[PDB]
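Undergrad: structure of the sequence below:
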Amino acid sequence: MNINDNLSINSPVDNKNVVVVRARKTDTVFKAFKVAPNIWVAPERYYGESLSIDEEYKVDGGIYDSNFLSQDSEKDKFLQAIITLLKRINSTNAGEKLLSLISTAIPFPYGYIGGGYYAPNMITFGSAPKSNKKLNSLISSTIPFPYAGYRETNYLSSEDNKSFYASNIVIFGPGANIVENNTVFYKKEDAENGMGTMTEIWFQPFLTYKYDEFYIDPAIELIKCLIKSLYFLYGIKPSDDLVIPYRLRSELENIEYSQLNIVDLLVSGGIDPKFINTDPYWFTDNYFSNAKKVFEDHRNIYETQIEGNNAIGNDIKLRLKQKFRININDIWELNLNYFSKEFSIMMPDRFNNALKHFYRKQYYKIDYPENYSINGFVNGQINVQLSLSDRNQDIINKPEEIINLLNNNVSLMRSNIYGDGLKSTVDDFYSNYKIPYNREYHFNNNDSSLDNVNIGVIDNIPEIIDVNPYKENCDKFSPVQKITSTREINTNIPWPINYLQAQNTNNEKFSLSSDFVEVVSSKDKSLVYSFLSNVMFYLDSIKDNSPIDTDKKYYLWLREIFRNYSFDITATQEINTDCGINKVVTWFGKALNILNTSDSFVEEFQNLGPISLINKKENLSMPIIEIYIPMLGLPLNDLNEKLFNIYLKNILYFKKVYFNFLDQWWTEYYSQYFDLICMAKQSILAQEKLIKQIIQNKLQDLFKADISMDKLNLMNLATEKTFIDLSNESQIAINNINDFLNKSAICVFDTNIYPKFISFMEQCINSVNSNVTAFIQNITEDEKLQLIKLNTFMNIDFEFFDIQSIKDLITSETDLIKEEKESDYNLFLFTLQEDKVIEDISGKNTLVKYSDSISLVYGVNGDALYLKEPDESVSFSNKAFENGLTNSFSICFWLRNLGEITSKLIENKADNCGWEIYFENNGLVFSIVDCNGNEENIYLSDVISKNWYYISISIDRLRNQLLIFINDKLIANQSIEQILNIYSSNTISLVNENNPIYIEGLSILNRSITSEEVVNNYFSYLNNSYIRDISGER
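TA: Residues are numbered from 1 along each chain as shown. What follows is the structure:
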């Protein structure tokens, strides 16, 4: 599949790739462009929606603008962006297979005008002229009278309604809502009855939001829309009343459950679809069986009637052949979790269709020659430079609950609980669902959905030139208007969202204090709530001090503030529960007013259960269990087989009930903890923004002082670096919060739901045992006792629990990608003598410049840099090496010196500021100098020629310690508390001067290390199944 890119908004209408077609059967016409076979792009807003809508409806997440995609420049930008996104999808193999399947899954055509697909009529045409035999009227040609007599529904009709162009997918701009990607069918009846119908997509590529620490690739959103459209193209769309429970709305006061259509769950991807699609089907519906039956019927219709018809063109026949070569179970198992792993795209995974309730979005503008390309985000998802859009002030904020804290009657604050925008249901779904006894009516999968898709065979299918249209292929478009209600819940004890909002502010004159009541009741609005104790303590300990004037004074403060933000936002306590080992985040209690009574959040969490954090406790509801032994007259063989079959069936039923209770835990209990994770995440981000603003205010105050311009520029660089350091220490806090609350949720399942499920199923086990006993009580002659003993269930019979299984249940592809792309080393040198290959694995892509004079030999455990030629240097360039005021790092390498002073081994130095390790006397010396004169010199002696030395140097600015390890022993434990900013160049140089040396495994880490890690690394590297001499040579 080749995406045609030679298109523009000014391209002439050739009626072959650029067309003007009527919108359904309305009076509107629109321009469409063909970018792929049966795939069109329409660079304009959707016709059906009203570009101007009443402010009453205006759904939440409501960026609304009637002047978007109006000018031709914006239209051409949209078309180019969509072409770029399609090329990005088509680049890999999974995306190419998906696009080929979309391009070949034409909706099933209707038969001839009389019904049926078997064969058309015959016409006798072209009678030969008369001759001596004469009357050659019968000697003529035979013709299929209706050729390609089938009637297609996937077609766009020109404005004059005399031309038709085949079309499976057309991509439009957004409707009324600017940021809302949607997929709409052409005919509702044909999207559910197995015929299949074309799809229209509303996609906005210019905006995206940020989740955690990454941006959402629009390619994944377009892929999700295409996967959803694959349902319509196959006519397997379920009814609109097939909603499954999605989230218990704990923010409410009445028990209500959010609901989600099954297509959204199947195609969204994440942990939610894997909590529903289980190994036995705890949730089953007639939809899966009906869809499978209809799909098999249509496949049989094709194989018996269409396949074999010689009066139908290959453009439809071959495309239908490839359409039915894919089993329907493959489409159900096709989710975003497959393409995210096949594309290395990080996306939200838990409750990803309800994120409107959790956090408020902030959108970013994306232009598409620069910010996004065929390879995706430029400079990666994490590090792509994007600018916040100007539409962030145009977002519609329609809440679902305006919490109004009251003093003693005035409103202290007001807040908003925005809704997920999902269909509600007051009736409890979990207490009205009967688990089926008699049972593949579901997905049951993975990574194998598109094996039957043949890219070459599909691409070799000639395009559909002429279309025999079906006059009733579209019906109408009905916009779904819906008003958003509210509920002014009035409380006296502040909700967690009141605590969350108390920390946000707009007036940049912070006076942060640890008193929520004082913050909310203050009139000047100069108070901001914060839980960072040492930050507040240190700031309140320097009130009576002279102002910061010299850049030294600055640096020292910016050091004290970052070395307090860390010991405040990265504080955990190891509380040993009767359920596991837990690290409890100490400030979590005073961040959201959860167990905030007394003066210890750890104590209450270590006294009450891990469920006391959440409010909607005890939400379990046992389903309507059935538990269906049907006369006697069997020998000791048939009876045993029947008993074994009933045993297996009952075990399966018990597993299904257990999976139902797992879903009950996930929907109603983990949602509480996920919401708590989101609120804690927002709290750290807020309290980061607070420090950032505090230091920026100091800088600005220092700028208007008697400081040299060069010193001020150095100050600014150090502050820009310490901001990234603060971001790192907050990300560490985020990880701590996530781990702690996930462990709490897992334990709550293992200590508050599993015993309840066991107690509930004890009665079912007793009933099953009684039924088996009654049935067993054509002869046995006391063997009936043995049979009844062999087929009686016990408490252990239905123990499905495994903490590893549930811990891996809540792990998604995003977590795996984050683990695979989170290195603890800035630089990790790799050498391989195969062609001499020198590279870096750390992922920062350090630029390595090495002369050809260097070679490669086997030093200790692999290829080692051998600097035989004198005056040969190797340099490594990376931004992170520039260092700063507050960042810890470490250098680890293996050195072998052949020469027998002052050889300048390695140095990252700029005039004075920097660090260096250089030969002197008979050993290496480590020198570290700042931009203020202060320096530290360490002489690590006893480094003789040859041998093999392992040097590990660690600088930690959090504790202000310099640890020097040689081989596996501590050589120095000095203090660097007198060393300020050491900002140096972005390059690290390795120079041999005139000293042939071997350098092996040189590595620069982004954090400090410990003696245990050094010893472990040394001994694990030295063990390579090789005998060594007294020096180290093998």
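
Undergrad: residue 427: neighbour count?
TA: Other residues near residue 427 number 9, with proximity taken as other CB atoms under 10 Å. Quick note: C-beta positions are derived from backbone N, CA and C, even for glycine.

Undergrad: wait, residue 612
TA: Number of residues near residue 612 (other CB under 10 Å) recorded here: 14.

Undergrad: again, but for residue 869
TA: By the criterion of other CB under 10 Å, residue 869 has 14 neighbours.

Undergrad: list the contacts of it.
TA: 851, 853, 854 (CB atoms under 8 Å, 6 or more residues apart in numbering).

Undergrad: residue 860 versus that one, what's the distance?
TA: 22 Å (CB to CB, to the nearest Å).

Undergrad: with neighbour count added, can I get the contacts of residue 869 in TSV?
TA: Output for the contacts of residue 869, formatted as TSV (neighbours: other CB atoms under 10 Å):
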residue	neighbour count
851	12
853	14
854	20
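
Undergrad: residue 430: which of these is nearest?
TA: Closest approach between the contacts of residue 869 and residue 430, by CB to CB: residue 854, at 67.6 Å.

Undergrad: touching, that closest one and residue 874? I think so.
TA: Yes: judged on CB atoms under 8 Å, residue 854 makes contact with residue 874 at a distance of 6.4 Å.

Undergrad: which SSE is residue 944 in?
TA: In the assignment (DSSP states H and E), residue 944 maps to no helix and no strand.

Undergrad: okay, now the residue nearest to it when sequence neighbours are not counted: neighbour count?
TA: Leaving out its chain neighbours, the residue that sits closest to residue 944 by CB to CB, 6 or more residues apart in numbering is residue 922, at 7.0 Å. Neighbours of residue 922 under the rule other CB under 10 Å: 13.

Undergrad: list the contacts for residue 922?
TA: Here residue 922 is in contact with 941, 942, 943, 944 (CB under 8 Å, 6+ apart).

Undergrad: tell me the centre residue of the protein?
TA: The structure's the chain has its C-alpha centroid closest to residue 347; by CA atoms, centre = their mean the separation is 2.1 Å.

Undergrad: who's in contact with that residue?
TA: With contact taken as CB under 8 Å, 6+ apart, residue 347 is in contact with 211, 216, 217, 220, 269, 336, 340, 814.

Undergrad: would you confirm that the fifth one contacts residue 334?
TA: No: using CB under 8 Å, residue 269 is not in contact with residue 334, being 9.5 Å away.

Undergrad: all the helices of the stretch 151-300 of the chain, residue numbers only.
TA: For the stretch 151-300 of the chain, the helices defined by DSSP state H, counting those that start in this stretch cover 188-192, 218-234, 262-268, 271-276, 286-301.

Undergrad: quick check, nearest of the contacts of residue 347 to residue 83?
TA: The closest of these, once distances to residue 83 are taken by CB to CB, is residue 217, at 16.1 Å.

Undergrad: which residue is the nearest non-sequential neighbour of that closest one?
TA: Using CB to CB, 6+ apart and skipping the chain neighbours, the partner closest in space to residue 217 is residue 345 (5.0 Å).

Undergrad: rewinding a little: any idea how far the residue nearest to the centre of the chain is from residue 215?
TA: Here the criterion is CB to CB. By it, residue 347 lies 10 Å from residue 215.

Undergrad: next one: residue 604
TA: Going from residue 604 to residue 215 by CB to CB gives 38 Å.

Undergrad: which one's more surrounded, those two?
TA: Ranked by neighbour count (other CB under 10 Å), residue 604 and residue 215 place residue 215 first, with 20 against 16.

Undergrad: the more buried one touches residue 207, doesn't it?
TA: No: counting by CB under 8 Å, residue 215 sits too far from residue 207 to count as a contact (10.8 Å).

Undergrad: joint contacts of the two?
TA: Joint contacts of residue 215 and residue 207 (CB under 8 Å, 6+ apart) are residue 364.

Undergrad: biggest helix in the chain, by residue count?
TA: Assignment by DSSP state H gives helix 709-752 as the longest helix of the chain.

Undergrad: for that one, name the packing helices and strands.
TA: Secondary-structure packing of helix 709-752 (3 or more CB pairs under 8 Å, 6 or more residues apart in numbering; DSSP states H and E): helix 551-569, strand 572-577, strand 580-585, helix 638-665, helix 671-703, helix 803-809.

Undergrad: between the ones you listed, which one is nearest to residue 960?
TA: Among the helices and strands packed on helix 709-752, the nearest to residue 960 by CB to CB is helix 551-569 (7.9 Å).

Undergrad: how near is the nearest residue to residue 751 once chain neighbours are set aside to residue 800?
TA: Nearest non-adjacent residue to residue 751, counting by CB to CB, 6+ apart: residue 579, 5.3 Å away. Here the distance between residue 579 and residue 800 works out to 18 Å (CB to CB).

Undergrad: cool, and residue 690?
TA: For residue 690, the distance to residue 800 (CB to CB) stands at 47 Å.

Undergrad: among the two, which residue is more densely surrounded?
TA: residue 690 (20 against 15).
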